[PDB]
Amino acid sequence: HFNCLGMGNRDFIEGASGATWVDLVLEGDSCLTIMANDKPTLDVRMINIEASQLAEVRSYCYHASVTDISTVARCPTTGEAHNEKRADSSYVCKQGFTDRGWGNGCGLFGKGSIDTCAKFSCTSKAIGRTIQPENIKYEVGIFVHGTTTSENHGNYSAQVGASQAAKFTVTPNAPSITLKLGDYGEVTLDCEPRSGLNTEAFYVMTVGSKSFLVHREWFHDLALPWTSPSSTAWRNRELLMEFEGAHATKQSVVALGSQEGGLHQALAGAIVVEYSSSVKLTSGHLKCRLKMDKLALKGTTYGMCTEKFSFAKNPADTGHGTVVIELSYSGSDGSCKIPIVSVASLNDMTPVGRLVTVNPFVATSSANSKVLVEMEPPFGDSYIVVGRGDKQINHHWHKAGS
């Protein structure tokens, strides 16, 4: 998806009268149509963002498993108990004391030392990763509103074969690019990619099948056990475990409940990203300058088409205050310019609309060729009028207000 027709989110920019630069902000779910006097109309849209080489930072356990409990006890005054599970890193251990006497195995009375261990296993974890900024790629599409049909308007191969479209990537290393556009000229797009998706504010956090963009702030004060690529064991395991009251030589150890639910109140509540060895997202923005001084019109030279047109597709509402039609030209004198205006009444044929497809034309000498035309009609009732004199055709159009 590289141009605007059919997109549900669309914005219209009026380039200044005679300006050589145009500032843009490309919304990742949107499309810009830029119009300016004496210039062909352009669509530009941010297609997606891409980051490839993600480093790992830290993982959090939100559901722990407590298994294989064991206690070593000692009689009062005989020293500190040492449980040998302390030589095993997957065990968490805590010292303690219990009441001891003749009734539970000791010859003296008083506090006897105990050492209780339990195995800590992680059952499900949220793993966070980092994007280095040198590895973000913005995919951007550009389209110039030349001759198109209903079928090929969104076909990328057709439009790039007619030199009317380009997909290109901008990176922090290559923030500018010039593309040629056939006899329409060229445009240069100068972007700001490191200040588009600020990779220093965020982590990518994979939870099960999905991943998210999370504030590093929130990711750091997660009161959960954690690991990192180089660490030997889970750390701070104890905030998912309860050492229960010790009695003689026994002590119970349980895990707390899963925090899986409590992790989904956050991330509600966060930007989803597609993750498959490389992270893809369409949400986001890119700030660009578009240079248009070497962009010029093609057409103007040509004569007007002489023969009758017909409506190959009746006008349809595009959803953004414009209507799109497809014409069929019965004539053979192409290449010729299409006579198409928007009039408010058929007796007062003063033009009142405005063409989005500026300078629409039939490119070929073949008869019954099809041309698509996008127009911005005035509010209320109007007519789309194609052709002159007895070759003329019209279609009523209504554009509602509210």
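Position 1 is the first residue in the sequence shown; the rest follow in order.
Trainee: Take the C-alpha B-factors listed in the entry for 180 to 188 and for 272 to 280, compute each mean, and give the stretch with the larger one.
Mentor: 272 to 280 has the higher mean C-alpha B-factor.
Trainee: If you average the Cα B factors in the entry, which is higher, 103 to 111 or 189 to 197?
Mentor: So the stretch with the higher mean C-alpha B-factor is 189 to 197.
Trainee: Comparing recorded Cα B-factors across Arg216, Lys250, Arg74, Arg86, which one is largest?
Mentor: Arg216 has the highest C-alpha B-factor of those listed.
Trainee: Please pick out which of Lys308, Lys313, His145, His285 has the largest Cα B-factor as recorded in the entry.
Mentor: Comparing C-alpha B-factors across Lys308, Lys313, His145, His285, the maximum falls on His285.
Trainee: Would you check the entry's CA temperature factor for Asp68 and let me know if it's in the chain's lowest, middle or highest third?
Mentor: For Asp68, whose C-alpha B-factor we compare with every modelled residue in the chain, the answer is the middle third.
Trainee: Relative to the other modelled residues in the chain, which third contains the C-alpha temperature factor of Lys210: lowest, middle or highest?
Mentor: For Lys210, whose C-alpha B-factor we compare with every modelled residue in the chain, the answer is the highest third.
Trainee: If you rank the chain by CA B-factor, which third does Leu24 end up in: lowest, middle or highest?
Mentor: Its C-alpha B-factor, which the entry lists for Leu24, ranks in the middle third among residues of this chain.
Trainee: Classify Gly6 as lowest, middle or highest third according to the C-alpha B-factor given in the PDB entry, relative to its own chain.
Mentor: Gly6: CA B-factor falls in the lowest third of its chain.
Trainee: Could you look up the Cα B-factor of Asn359 in the entry and say which third of the chain it sits in: lowest, middle or highest?
Mentor: As the PDB entry reports it, the C-alpha B-factor of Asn359 lands in the lowest third of its chain.
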